[PDB]
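[1] Here is the input, now give the coordinates:
(chains A and B)
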Amino acid sequence: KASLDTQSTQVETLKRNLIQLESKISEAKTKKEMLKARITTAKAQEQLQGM
Amino acid sequence: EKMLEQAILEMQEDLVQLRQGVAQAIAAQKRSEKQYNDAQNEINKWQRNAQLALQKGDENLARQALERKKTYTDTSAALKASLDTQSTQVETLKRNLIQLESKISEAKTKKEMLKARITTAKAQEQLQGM
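    Numbers count the residues shown, from 1 in each chain, chains lettered A, B, ... in the order given. Shown next is the structure:
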């Protein structure tokens, strides 16, 4: 029973981490889209310099 | 898991060897008892012979039997002393075996607990990777 209680707390932490991770991966995908847009804007600025 | 797994296999083989030693000690106790029993039987036979010698009229033979009985008694006394010393050692061995049996079960339980903590540590490592 004592072992189970100690194990249960660890299990809860792991479950919480997984839920957080799921939220995090979605955010990362969103970040990539934002990152792609800024890079395109930078390229446009470079074209002006060429002119 | 590797450190724990190797230890469990090793303890079991050792226990079997200990049991054999205990059996030998038990066998030794039986042998001493048999020898002691034989000495007692011999003494009884000697006593009958001594009485028979008196009836026969051979005084020297009866006296010799009494001397033999004393020697047998001394041997029996020595055997009894040896048995007592051996018995204490045997009791300690038996106690150790019982304790060992309780201990091996505990070790198995410990491995399960150890496995769970390692898994938790791995989860923490994954968070660092993120």
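[2] Where do the helices of chain A begin and end?
    A:2-50 (DSSP state H).
[3] okay, which residue is most central for it?
    Closest to where the C-alpha atoms of chain A average out (Cα atoms, centre = their mean) is residue A:28, at 3.3 Å.
[4] give me the residue from chain A nearest chain B.
    residue A:10 (4.0 Å; Cβ to the nearest Cβ). From N, CA and C alone the C-beta is placed, and that goes for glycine too.
[5] thinking again about what came up before, mind checking how far the residue nearest to the centre of chain A is from residue B:128?
    16 Å (Cβ to Cβ, to the nearest Å).
[6] Over to residue A:17?
    11 Å.
[7] Also residue A:14?
    On the measure of Cβ to Cβ, residue A:14 and residue B:128 end up 14 Å apart.
[8] which parts of chain A sit against chain B?
    A:3, A:6, A:7, A:10, A:11, A:13, A:14, A:17, A:18, A:21, A:24 (Cβ under 8 Å from any Cβ of the partner chain).
[9] Just send those residues back as CSV, with neighbour count too.
    Below are the residues of chain A next to chain B laid out as CSV (neighbours: other Cβ atoms under 10 Å in any protein chain shown):
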residue, neighbour count
A:3, 12
A:6, 14
A:7, 17
A:10, 16
A:11, 15
A:13, 13
A:14, 16
A:17, 17
A:18, 11
A:21, 15
A:24, 12
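[10] what about residue A:46, how many neighbours?
    Each residue near residue A:46 was counted by other Cβ atoms under 10 Å in any protein chain shown, and the total is 8.
[11] Could you do residue A:2 as well?
    Neighbours around residue A:2, by other Cβ under 10 Å: 7.
[12] List the contacts of it.
    Neighbour list for residue A:2: empty [criterion: Cβ atoms under 8 Å, 6 or more residues apart in numbering or on different chains].
[13] go on, residue A:3?
    B:109, B:112, B:113, B:116.
[14] Try it again at 7 Å.
    Contact partners of residue A:3, counting by Cβ atoms under 7 Å, 6 or more residues apart in numbering or on different chains, are B:109, B:112, B:113.
[15] Pick the one among these closest to chain A.
    residue B:113 (5.1 Å).
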